[PDB]
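Dropping work-v3.txt in here (compact mmCIF, C-alpha atoms):
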```txt
# COMPACT_ATOMS: atom_id res chain seq x y z
CA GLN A 1 -53.11 63.99 68.39
CA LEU A 2 -51.12 60.81 67.28
CA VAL A 3 -51.99 61.02 63.46
CA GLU A 4 -48.54 62.78 63.06
CA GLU A 5 -46.60 61.84 66.24
CA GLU A 6 -46.23 58.47 64.66
CA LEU A 7 -46.60 59.33 61.00
CA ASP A 8 -42.85 60.05 61.69
CA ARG A 9 -42.46 56.45 62.73
CA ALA A 10 -44.26 55.38 59.53
CA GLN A 11 -42.31 57.30 57.09
CA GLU A 12 -39.12 56.26 59.05
CA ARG A 13 -40.21 52.69 58.82
CA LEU A 14 -40.76 53.02 55.23
CA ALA A 15 -37.31 54.62 55.00
CA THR A 16 -35.36 51.68 56.53
CA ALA A 17 -37.41 49.02 54.60
CA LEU A 18 -37.15 50.89 51.36
CA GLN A 19 -33.64 51.16 51.01
CA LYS A 20 -33.37 47.46 51.96
CA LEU A 21 -35.42 46.85 48.89
CA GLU A 22 -33.16 49.21 46.99
CA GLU A 23 -30.22 47.20 47.84
CA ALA A 24 -32.07 43.91 46.89
CA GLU A 25 -33.25 45.05 43.46
CA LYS A 26 -29.73 46.37 42.82
CA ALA A 27 -28.75 42.67 43.41
CA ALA A 28 -31.62 41.39 41.23
CA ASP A 29 -31.15 43.50 38.19
CA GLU A 30 -27.41 42.64 38.34
CA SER A 31 -27.56 39.00 39.07
CA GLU A 32 -29.91 38.33 36.26
CA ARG A 33 -28.23 40.50 33.63
CA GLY A 34 -24.85 38.85 34.50
CA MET A 35 -26.36 35.48 34.37
CA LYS A 36 -27.94 36.22 31.06
CA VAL A 37 -24.26 36.59 29.72
CA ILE A 38 -23.14 33.36 31.27
CA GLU A 39 -26.24 31.77 29.87
CA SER A 40 -25.76 33.03 26.36
CA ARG A 41 -22.08 31.54 26.64
CA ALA A 42 -23.87 28.20 27.04
CA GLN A 43 -26.06 28.76 24.04
CA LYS A 44 -22.92 29.49 21.92
CA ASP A 45 -21.03 26.64 23.31
CA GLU A 46 -23.87 24.23 22.66
CA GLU A 47 -24.02 25.11 19.00
CA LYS A 48 -20.12 25.02 18.85
CA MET A 49 -20.33 21.44 20.01
CA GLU A 50 -23.10 20.78 17.65
CA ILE A 51 -20.98 21.69 14.59
CA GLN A 52 -17.89 20.10 16.07
CA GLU A 53 -19.88 16.93 16.30
CA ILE A 54 -20.88 17.11 12.64
CA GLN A 55 -17.37 17.62 11.88
CA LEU A 56 -15.91 14.82 13.87
CA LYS A 57 -18.53 12.81 12.29
CA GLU A 58 -17.23 13.71 8.79
CA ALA A 59 -13.56 13.27 9.78
CA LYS A 60 -14.36 9.73 10.85
CA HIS A 61 -15.94 8.84 7.53
CA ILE A 62 -13.17 10.61 5.68
CA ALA A 63 -10.70 8.51 7.56
CA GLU A 64 -12.50 5.26 7.14
CA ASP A 65 -12.56 5.91 3.49
CA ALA A 66 -8.95 6.59 3.51
CA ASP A 67 -8.16 3.47 5.17
CA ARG A 68 -10.20 1.34 2.81
CA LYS A 69 -8.37 3.12 -0.08
CA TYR A 70 -5.16 2.00 1.48
CA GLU A 71 -6.34 -1.50 2.17
CA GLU A 72 -7.19 -2.00 -1.48
CA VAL A 73 -3.92 -0.67 -3.05
CA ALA A 74 -2.18 -2.64 -0.65
CA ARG A 75 -3.91 -6.07 -1.40
CA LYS A 76 -3.15 -5.00 -4.90
CA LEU A 77 0.51 -4.95 -4.19
CA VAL A 78 0.31 -8.46 -2.58
CA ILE A 79 -0.97 -9.69 -5.98
CA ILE A 80 1.45 -7.94 -8.23
CA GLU A 81 4.06 -9.20 -6.15
CA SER A 82 3.02 -12.69 -6.11
CA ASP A 83 2.64 -12.39 -9.91
CA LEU A 84 6.06 -11.01 -10.22
CA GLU A 85 7.58 -13.89 -8.15
CA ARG A 86 5.84 -16.08 -10.60
CA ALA A 87 7.32 -14.44 -13.66
CA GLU A 88 10.64 -14.62 -12.08
CA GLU A 89 10.31 -18.36 -11.65
CA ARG A 90 9.19 -18.87 -15.12
CA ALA A 91 12.22 -16.84 -16.45
CA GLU A 92 14.61 -18.83 -14.19
CA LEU A 93 13.11 -22.01 -15.30
CA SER A 94 13.24 -21.29 -18.96
CA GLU A 95 16.75 -20.10 -18.57
CA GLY A 96 18.10 -23.05 -16.64
CA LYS A 97 16.74 -25.03 -19.69
CA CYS A 98 18.75 -23.01 -22.18
CA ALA A 99 21.80 -23.61 -20.13
CA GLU A 100 21.34 -27.40 -20.25
CA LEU A 101 20.32 -27.09 -23.85
CA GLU A 102 23.51 -25.23 -24.65
CA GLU A 103 25.71 -27.77 -22.85
CA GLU A 104 23.83 -30.38 -24.87
CA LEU A 105 24.48 -28.66 -28.23
CA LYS A 106 28.08 -28.30 -27.07
CA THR A 107 28.78 -31.92 -26.55
CA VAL A 108 26.96 -32.76 -29.89
CA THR A 109 28.86 -30.14 -31.81
CA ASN A 110 32.08 -31.70 -30.48
CA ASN A 111 30.97 -34.90 -31.83
CA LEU A 112 30.31 -33.47 -35.19
CA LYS A 113 33.56 -31.71 -35.55
CA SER A 114 35.23 -34.89 -34.23
CA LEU A 115 33.39 -37.02 -36.74
CA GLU A 116 34.45 -34.31 -39.34
CA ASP A 117 38.07 -35.10 -38.82
CA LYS A 118 37.47 -38.82 -39.04
CA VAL A 119 36.18 -38.21 -42.69
CA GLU A 120 39.19 -36.11 -43.25
CA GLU A 121 41.53 -38.91 -41.98
CA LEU A 122 39.99 -41.57 -43.94
CA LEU A 123 39.94 -39.40 -46.97
CA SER A 124 43.81 -39.25 -46.52
CA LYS A 125 43.97 -42.93 -46.02
CA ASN A 126 42.00 -43.79 -48.97
CA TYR A 127 43.72 -41.59 -51.44
CA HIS A 128 47.02 -43.05 -50.36
CA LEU A 129 45.68 -46.59 -50.47
CA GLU A 130 44.18 -45.92 -53.98
CA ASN A 131 47.59 -44.76 -55.13
CA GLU A 132 49.37 -47.71 -53.79
CA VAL A 133 47.17 -50.22 -55.42
CA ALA A 134 47.25 -48.46 -58.76
CA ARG A 135 51.04 -48.79 -58.14
CA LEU A 136 51.02 -52.50 -57.04
CA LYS A 137 48.55 -53.05 -59.92
CA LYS A 138 50.62 -51.43 -62.64
CA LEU A 139 53.72 -53.35 -61.52
CA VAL A 140 51.68 -56.48 -62.37
CA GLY A 141 48.28 -57.82 -63.62
CA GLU A 142 46.28 -54.84 -64.96
CA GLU H 1 -54.23 62.40 56.54
CA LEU H 2 -54.13 59.03 58.25
CA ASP H 3 -50.53 58.49 57.15
CA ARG H 4 -52.30 55.87 54.79
CA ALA H 5 -52.05 53.39 57.71
CA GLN H 6 -48.30 52.91 56.86
CA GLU H 7 -49.04 49.38 55.66
CA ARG H 8 -47.86 50.90 52.30
CA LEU H 9 -44.59 49.47 53.75
CA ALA H 10 -45.94 46.04 52.69
CA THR H 11 -45.98 47.40 49.02
CA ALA H 12 -42.22 47.58 49.36
CA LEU H 13 -41.70 45.00 52.01
CA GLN H 14 -43.55 42.15 50.55
CA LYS H 15 -41.59 42.81 47.40
CA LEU H 16 -38.53 42.64 49.70
CA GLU H 17 -39.07 39.17 50.90
CA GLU H 18 -40.03 38.14 47.31
CA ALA H 19 -37.02 39.88 45.66
CA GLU H 20 -34.90 38.27 48.41
CA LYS H 21 -35.74 34.55 47.85
CA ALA H 22 -35.82 35.17 44.07
CA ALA H 23 -32.32 36.31 44.30
CA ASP H 24 -31.32 33.14 46.19
CA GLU H 25 -33.04 31.26 43.41
CA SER H 26 -30.77 32.82 40.79
CA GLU H 27 -27.98 31.69 43.02
CA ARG H 28 -29.10 28.19 42.29
CA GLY H 29 -29.65 28.66 38.52
CA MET H 30 -26.17 30.13 38.68
CA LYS H 31 -24.54 27.11 40.05
CA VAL H 32 -26.49 24.67 37.65
CA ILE H 33 -25.36 26.57 34.73
CA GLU H 34 -21.78 26.55 36.09
CA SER H 35 -21.61 22.82 36.29
CA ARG H 36 -23.27 22.38 32.78
CA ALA H 37 -20.63 24.81 31.62
CA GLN H 38 -17.73 22.78 33.02
CA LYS H 39 -19.20 19.51 31.78
CA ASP H 40 -19.54 21.03 28.39
CA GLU H 41 -16.02 22.36 28.41
CA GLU H 42 -14.76 18.84 28.94
CA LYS H 43 -16.57 17.11 26.13
CA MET H 44 -15.46 19.88 23.86
CA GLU H 45 -11.99 18.94 24.76
CA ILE H 46 -12.53 15.16 24.28
CA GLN H 47 -14.15 16.29 20.93
CA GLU H 48 -10.86 17.99 19.98
CA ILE H 49 -8.77 14.95 20.78
CA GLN H 50 -11.08 12.72 18.69
CA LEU H 51 -11.32 15.28 15.80
CA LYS H 52 -7.52 15.26 15.68
CA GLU H 53 -7.20 11.54 15.92
CA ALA H 54 -9.55 11.41 13.00
CA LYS H 55 -7.27 13.79 11.04
CA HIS H 56 -4.11 11.81 12.00
CA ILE H 57 -5.63 8.39 11.13
CA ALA H 58 -6.56 9.82 7.74
CA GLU H 59 -3.22 11.45 7.24
CA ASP H 60 -1.57 8.26 8.08
CA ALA H 61 -3.62 6.33 5.55
CA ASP H 62 -2.93 8.87 2.82
CA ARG H 63 0.82 8.62 3.35
CA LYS H 64 0.78 4.84 3.42
CA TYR H 65 -1.36 4.76 0.37
CA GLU H 66 1.30 6.90 -1.46
CA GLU H 67 4.08 4.71 -0.27
CA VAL H 68 2.21 1.77 -1.58
CA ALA H 69 1.17 3.19 -4.80
CA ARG H 70 4.93 3.86 -5.60
CA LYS H 71 5.84 0.37 -4.77
CA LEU H 72 3.32 -0.68 -7.30
CA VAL H 73 4.81 1.18 -10.01
CA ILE H 74 8.16 -0.56 -9.24
CA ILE H 75 6.79 -4.10 -8.85
CA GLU H 76 5.00 -3.65 -11.90
CA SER H 77 7.87 -2.52 -14.03
CA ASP H 78 9.79 -5.21 -12.52
CA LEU H 79 7.14 -7.71 -13.51
CA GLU H 80 7.28 -6.48 -17.07
CA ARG H 81 11.09 -6.90 -16.99
CA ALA H 82 10.66 -10.46 -15.71
CA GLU H 83 8.39 -11.21 -18.50
CA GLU H 84 10.39 -9.85 -21.20
CA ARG H 85 13.33 -11.78 -19.86
CA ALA H 86 11.17 -15.01 -19.69
CA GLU H 87 10.09 -14.29 -23.16
CA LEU H 88 13.56 -13.62 -24.79
CA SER H 89 14.75 -16.69 -23.05
CA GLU H 90 12.01 -18.66 -24.37
CA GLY H 91 12.74 -17.88 -27.84
CA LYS H 92 16.39 -18.44 -27.21
CA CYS H 93 15.46 -21.92 -26.01
CA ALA H 94 13.67 -22.47 -29.11
CA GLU H 95 16.45 -21.41 -31.51
CA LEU H 96 18.68 -23.85 -29.69
CA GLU H 97 16.18 -26.67 -30.41
CA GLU H 98 16.14 -26.08 -33.94
CA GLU H 99 19.90 -25.76 -34.00
CA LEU H 100 20.36 -29.01 -31.96
CA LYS H 101 18.33 -30.75 -34.53
CA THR H 102 19.96 -29.17 -37.51
CA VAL H 103 23.28 -30.37 -36.03
CA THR H 104 22.06 -33.89 -35.22
CA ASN H 105 20.78 -34.43 -38.80
CA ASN H 106 24.10 -33.41 -40.14
CA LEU H 107 25.88 -35.35 -37.47
CA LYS H 108 24.16 -38.50 -38.74
CA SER H 109 24.28 -38.22 -42.46
CA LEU H 110 28.03 -37.60 -41.81
CA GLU H 111 28.08 -40.82 -39.59
CA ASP H 112 27.16 -42.72 -42.67
CA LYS H 113 29.34 -40.86 -45.02
CA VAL H 114 32.09 -42.34 -42.62
CA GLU H 115 31.10 -46.01 -42.67
CA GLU H 116 30.86 -45.56 -46.41
CA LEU H 117 34.41 -44.37 -46.59
CA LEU H 118 35.24 -47.36 -44.32
CA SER H 119 34.01 -49.90 -46.80
CA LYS H 120 35.79 -48.19 -49.70
CA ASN H 121 38.81 -48.25 -47.37
CA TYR H 122 38.18 -51.80 -46.33
CA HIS H 123 38.42 -53.13 -49.89
CA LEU H 124 41.36 -51.04 -50.99
CA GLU H 125 43.16 -52.48 -47.89
CA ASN H 126 41.99 -56.05 -48.54
CA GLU H 127 43.46 -55.51 -51.83
CA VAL H 128 46.81 -53.87 -50.98
CA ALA H 129 47.78 -57.10 -49.29
CA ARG H 130 46.18 -58.90 -52.36
CA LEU H 131 48.68 -57.38 -54.76
CA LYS H 132 51.51 -58.03 -52.42
CA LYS H 133 51.03 -61.73 -53.71
CA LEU H 134 54.81 -61.90 -54.56
CA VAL H 135 57.83 -61.45 -52.02
CA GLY H 136 61.03 -62.64 -53.92
```

Starting from the file, give its structure as structure tokens.
Amino acid sequence: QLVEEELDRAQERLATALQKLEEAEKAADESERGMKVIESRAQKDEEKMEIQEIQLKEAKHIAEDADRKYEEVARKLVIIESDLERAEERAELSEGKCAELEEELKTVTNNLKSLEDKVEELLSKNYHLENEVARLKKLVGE
Amino acid sequence: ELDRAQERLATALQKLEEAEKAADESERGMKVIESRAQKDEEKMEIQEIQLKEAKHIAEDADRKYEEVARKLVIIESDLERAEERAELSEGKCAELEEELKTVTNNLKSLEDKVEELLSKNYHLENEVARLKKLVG
């Protein structure tokens, strides 16, 4: 009669196996839907890095430009400065000249005032000598 | 009516061995993605350090450029002050030349006008003693 005596053992065999499978798909469906989230986190983080690298790339340019800007205003301040230290030396020069020129004009003006008295002394001498010659000349000859 | 030779177990048993190794495959693809996720987390960090450095470096340069630019303004007005002083003094120097010459020309014509008096004076004297000719 067998065709039922062990159709019980068939359906029971299918029972045990089947819900082994059940369990396994439960793992399948889950593992791969969970992974799918972790794998979309990678696809977001790869683009995040992609921007951030065309960002860091701009920041480096922006900063190399800002350093060149600084190196140029600062070479420009080496030059104005050396040109100011020249102007300074040309004003000191030209003003240590004045200072010698004014000590020159000082001694010469002392000579001029001094020679101005001399004409005033002799003018006193002569007037007296012209008087006492008209005197000693009236007391006698003509 | 043969209990379809209960091999219909293989319909769900072959897909049991399959669905079982597949799963252990996703265990692998799980790990690989984990590692590539850590790696990636690190370079994103190194990218933040380098993005900031690039912002500092640039902020540094912008500050220094302003400090410099202000010093220019100052050395420059000071250069114009040094020039104007070099120029006023140059003109002073020049007035003094003219005046040292205007003074020397008078100091000479007046050196003569003194030797001239001294001749007048010389003869009046050589004559005061000349009219003294007579002492008792």

Original post:
Expressed in Å to a single decimal, how great is the separation between CA of residue 8 (chain A) and CA of residue 9 (chain H)?
Top reply: 13.3 Å

**OP:** Using all atoms listed in the file, find the one residue out of A:56, A:101, A:77, A:25 that sits nearest to residue 70 (chain H).
**Re:** A:77

**OP:** Find the residues around residue 110 (chain H) up to 9 Å (all atoms listed in the file counted), leave out those fewer than 6 positions away in its own chain, and share them as a PyMOL selection string.
**Re:** chain A and resi 112+115-116+119

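Those residues that approach residue 125 (chain A) to within 12 Å, counting only C-alpha atoms, are residues 118, 119, 120, 121, 122, 128, 129, 130, 131 and 132 of chain A; 117, 118, 120, 121, 122, 124 and 125 of chain H; same-chain residues fewer than 3 positions away are not listed.
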
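Distances from A:23, A:67, A:100, A:72 to chain H were compared using all atoms listed in the file, and the smallest one belongs to A:67.
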
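Distance annotation: of H:112, H:18, H:98, H:62, the residue with the minimal separation from chain A is H:62; atom set is only C-alpha atoms.
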
Fix up region 90-113 of chain H with N, CA and C atoms, then write it as a PDB file, in the frame of the given file.
```pdb
ATOM      1  N   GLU H  90      12.696 -17.510 -24.078  1.00  0.00           N
ATOM      2  CA  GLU H  90      12.010 -18.660 -24.370  1.00  0.00           C
ATOM      3  C   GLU H  90      12.244 -18.955 -25.709  1.00  0.00           C
ATOM      4  N   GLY H  91      12.352 -17.888 -26.424  1.00  0.00           N
ATOM      5  CA  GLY H  91      12.740 -17.880 -27.840  1.00  0.00           C
ATOM      6  C   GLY H  91      14.216 -18.320 -27.963  1.00  0.00           C
ATOM      7  N   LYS H  92      15.086 -17.940 -27.109  1.00  0.00           N
ATOM      8  CA  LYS H  92      16.390 -18.440 -27.210  1.00  0.00           C
ATOM      9  C   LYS H  92      16.206 -19.986 -27.146  1.00  0.00           C
ATOM     10  N   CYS H  93      15.666 -20.547 -26.067  1.00  0.00           N
ATOM     11  CA  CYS H  93      15.460 -21.920 -26.010  1.00  0.00           C
ATOM     12  C   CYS H  93      14.964 -22.574 -27.246  1.00  0.00           C
ATOM     13  N   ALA H  94      14.225 -21.848 -28.029  1.00  0.00           N
ATOM     14  CA  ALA H  94      13.670 -22.470 -29.110  1.00  0.00           C
ATOM     15  C   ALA H  94      14.681 -22.505 -30.222  1.00  0.00           C
ATOM     16  N   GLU H  95      15.361 -21.387 -30.477  1.00  0.00           N
ATOM     17  CA  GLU H  95      16.450 -21.410 -31.510  1.00  0.00           C
ATOM     18  C   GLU H  95      17.421 -22.573 -31.321  1.00  0.00           C
ATOM     19  N   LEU H  96      17.850 -22.756 -30.107  1.00  0.00           N
ATOM     20  CA  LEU H  96      18.680 -23.850 -29.690  1.00  0.00           C
ATOM     21  C   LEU H  96      18.060 -25.211 -30.028  1.00  0.00           C
ATOM     22  N   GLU H  97      16.741 -25.379 -30.117  1.00  0.00           N
ATOM     23  CA  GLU H  97      16.180 -26.670 -30.410  1.00  0.00           C
ATOM     24  C   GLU H  97      16.332 -26.896 -31.873  1.00  0.00           C
ATOM     25  N   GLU H  98      16.096 -25.889 -32.599  1.00  0.00           N
ATOM     26  CA  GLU H  98      16.140 -26.080 -33.940  1.00  0.00           C
ATOM     27  C   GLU H  98      17.626 -26.384 -34.185  1.00  0.00           C
ATOM     28  N   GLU H  99      18.531 -25.525 -33.756  1.00  0.00           N
ATOM     29  CA  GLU H  99      19.900 -25.760 -34.000  1.00  0.00           C
ATOM     30  C   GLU H  99      20.489 -27.106 -33.466  1.00  0.00           C
ATOM     31  N   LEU H 100      19.837 -27.758 -32.525  1.00  0.00           N
ATOM     32  CA  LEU H 100      20.360 -29.010 -31.960  1.00  0.00           C
ATOM     33  C   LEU H 100      19.865 -30.122 -32.878  1.00  0.00           C
ATOM     34  N   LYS H 101      18.833 -29.801 -33.606  1.00  0.00           N
ATOM     35  CA  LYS H 101      18.330 -30.750 -34.530  1.00  0.00           C
ATOM     36  C   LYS H 101      18.996 -30.582 -35.828  1.00  0.00           C
ATOM     37  N   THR H 102      19.331 -29.378 -36.253  1.00  0.00           N
ATOM     38  CA  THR H 102      19.960 -29.170 -37.510  1.00  0.00           C
ATOM     39  C   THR H 102      21.355 -29.797 -37.554  1.00  0.00           C
ATOM     40  N   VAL H 103      21.967 -29.820 -36.389  1.00  0.00           N
ATOM     41  CA  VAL H 103      23.280 -30.370 -36.030  1.00  0.00           C
ATOM     42  C   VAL H 103      23.182 -31.865 -35.904  1.00  0.00           C
ATOM     43  N   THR H 104      22.149 -32.418 -35.284  1.00  0.00           N
ATOM     44  CA  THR H 104      22.060 -33.890 -35.220  1.00  0.00           C
ATOM     45  C   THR H 104      21.815 -34.604 -36.622  1.00  0.00           C
ATOM     46  N   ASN H 105      21.050 -33.948 -37.470  1.00  0.00           N
ATOM     47  CA  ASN H 105      20.780 -34.430 -38.800  1.00  0.00           C
ATOM     48  C   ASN H 105      22.075 -34.401 -39.610  1.00  0.00           C
ATOM     49  N   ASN H 106      22.896 -33.418 -39.368  1.00  0.00           N
ATOM     50  CA  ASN H 106      24.100 -33.410 -40.140  1.00  0.00           C
ATOM     51  C   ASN H 106      25.012 -34.407 -39.372  1.00  0.00           C
ATOM     52  N   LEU H 107      24.971 -34.457 -38.055  1.00  0.00           N
ATOM     53  CA  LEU H 107      25.880 -35.350 -37.470  1.00  0.00           C
ATOM     54  C   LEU H 107      25.602 -36.775 -37.886  1.00  0.00           C
ATOM     55  N   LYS H 108      24.429 -37.103 -38.416  1.00  0.00           N
ATOM     56  CA  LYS H 108      24.160 -38.500 -38.740  1.00  0.00           C
ATOM     57  C   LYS H 108      24.498 -38.745 -40.175  1.00  0.00           C
ATOM     58  N   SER H 109      23.921 -37.982 -41.070  1.00  0.00           N
ATOM     59  CA  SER H 109      24.280 -38.220 -42.460  1.00  0.00           C
ATOM     60  C   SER H 109      25.857 -38.280 -42.671  1.00  0.00           C
ATOM     61  N   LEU H 110      26.599 -37.633 -41.774  1.00  0.00           N
ATOM     62  CA  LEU H 110      28.030 -37.600 -41.810  1.00  0.00           C
ATOM     63  C   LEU H 110      28.517 -38.852 -41.088  1.00  0.00           C
ATOM     64  N   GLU H 111      27.681 -39.506 -40.285  1.00  0.00           N
ATOM     65  CA  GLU H 111      28.080 -40.820 -39.590  1.00  0.00           C
ATOM     66  C   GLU H 111      28.102 -42.011 -40.594  1.00  0.00           C
ATOM     67  N   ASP H 112      27.305 -41.824 -41.638  1.00  0.00           N
ATOM     68  CA  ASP H 112      27.160 -42.720 -42.670  1.00  0.00           C
ATOM     69  C   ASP H 112      28.256 -42.422 -43.594  1.00  0.00           C
ATOM     70  N   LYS H 113      28.279 -41.237 -44.140  1.00  0.00           N
ATOM     71  CA  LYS H 113      29.340 -40.860 -45.020  1.00  0.00           C
ATOM     72  C   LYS H 113      30.711 -41.227 -44.359  1.00  0.00           C
TER      73      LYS H 113
END
```
